[PDB]
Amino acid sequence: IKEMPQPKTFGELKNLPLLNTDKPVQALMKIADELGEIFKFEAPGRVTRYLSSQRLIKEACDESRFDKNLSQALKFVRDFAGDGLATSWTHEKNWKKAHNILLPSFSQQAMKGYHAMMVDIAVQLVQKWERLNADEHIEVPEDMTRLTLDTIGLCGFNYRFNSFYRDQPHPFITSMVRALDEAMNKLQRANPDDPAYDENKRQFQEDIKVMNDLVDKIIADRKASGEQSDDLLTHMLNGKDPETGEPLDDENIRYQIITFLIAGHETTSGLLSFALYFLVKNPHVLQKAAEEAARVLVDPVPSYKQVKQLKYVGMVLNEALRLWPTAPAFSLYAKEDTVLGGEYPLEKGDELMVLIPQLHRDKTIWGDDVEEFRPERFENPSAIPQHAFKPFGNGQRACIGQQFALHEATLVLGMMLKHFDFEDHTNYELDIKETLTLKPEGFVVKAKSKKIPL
């Protein structure tokens, strides 16, 4: 039995002030570099343990011993995502019911049905960049967020946010972004009942109303028309859980759409932004990926089967997820008393945080070149030990969107590499903004068209 390390304390505030920063996940990564594979973190009225090693995370991923916990972050998001899949407890009826109904709509086979709608938004991105004037630049995370939000809107509930027609986002997106900001800001808000925050609370309730009104109206419109589309909303309206025999109620369908819209906006855009960042910083890797894109994408419009053929592009995306997993942590609780790693006794209910960027820097797994961007380290994935690579979470509570995110990102990155050469014209210094997720901030490039028609 070992006593685990703990970072510096602030008297009665314990460790809490360490997270009073715009970059708290990056702060925790530096603490993990100093303290190692596990450290205790205390705040008034709570304790958790941050895990960074594959040795310990492999055990945390044992669903017989640990289940998904709602982090305080997810509990605050639950005020607008409700009992949607990501903010529900495993033991809530609506978790397994929505899981059973939606799993077949998110399978690799299901991606064939979304492919045409994904191509529609991907072509809008390519056309935007084709239409820039000489020496104009691209705002990378901005355009990747326009694309990923519009893709899940069109695939989620056949709704066009038309983000490529705008400087200022659709009002729904303004409200969702401000609600996500309020949720994450509340993690570091001392005295949340101070009248100073009456405006924040009023604004939060207004933003919840904007999101619910749009989504509830589209659900009501669809039910009335009886229209059948190639979309998640159609699948959720037609679906019955084989176990309970029940469909989802309209309120839960709304929470699933809001959940999907948060994911589209926050996750996939970050992955594409980090992937392009790593490609422009590693020109030999960019060349190899561009050669594959040219070899495989032989038609004006990529096909579903061509996207599956972009093997090296898939490896580039996995290597971007390794270094900067855009959903950077998940939380677990001990189902029963148990000993972690032969060393750390835990009581039933004790919480763990998995610090995914640190797991992905475990030199015992990846070797001494762990900070290098080397997609080829994914060439022989059977050689990777269990639970070493966790950008999509764990077990039955893993990302339902994984096939959707990777299909969209592979299609889009493949088209970007087919159609343009890229220049890091500012020699951009990586600056990672933290919202629900991690994204480059201020990342800009210049594209030079290869003048290949669509």
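One-based numbering along the sequence shown.
Between the two ranges 99-107 and 296-304, the one averaging a larger CA B factor in the entry: In the deposited entry, the stretch with the higher C-alpha B-factor mean is 296-304.
Mean CA B-factor: is it higher for 1-9 or for 443-451? Here the higher of the two C-alpha B-factor means belongs to 1-9.
Highest-ranked of 352, 147, 77, 340 once sorted by CA temperature factor in the record: Comparing C-alpha B-factors across 352, 147, 77, 340, the maximum falls on 340.
Which one of 333, 197, 89, 129 shows the biggest C-alpha B-factor in the PDB entry? It is 197.
What third of its chain's C-alpha B-factors does residue 119 belong to: lowest, middle or highest? For residue 119, whose C-alpha B-factor we compare with every modelled residue in the chain, the answer is the middle third.
Ranked C-alpha temperature factor of residue 425 among modelled chain residues, by third: Highest third - that is where residue 425 ends up once the chain's C-alpha B-factors are sorted.
Hey, what third does residue 172 fall into on Cα B-factor, ranked over its chain? For residue 172, whose C-alpha B-factor we compare with every modelled residue in the chain, the answer is the highest third.
Name the third of the chain's ranked CA B-factors that contains residue 190, choosing lowest, middle or highest. Its C-alpha B-factor belongs to the highest third of this chain's values.
Rank-wise, by C-alpha B-factor, drop residue 25 into the lowest, middle or highest third of its chain. Ranked within chain, residue 25 CA B lands in the lowest tercile.
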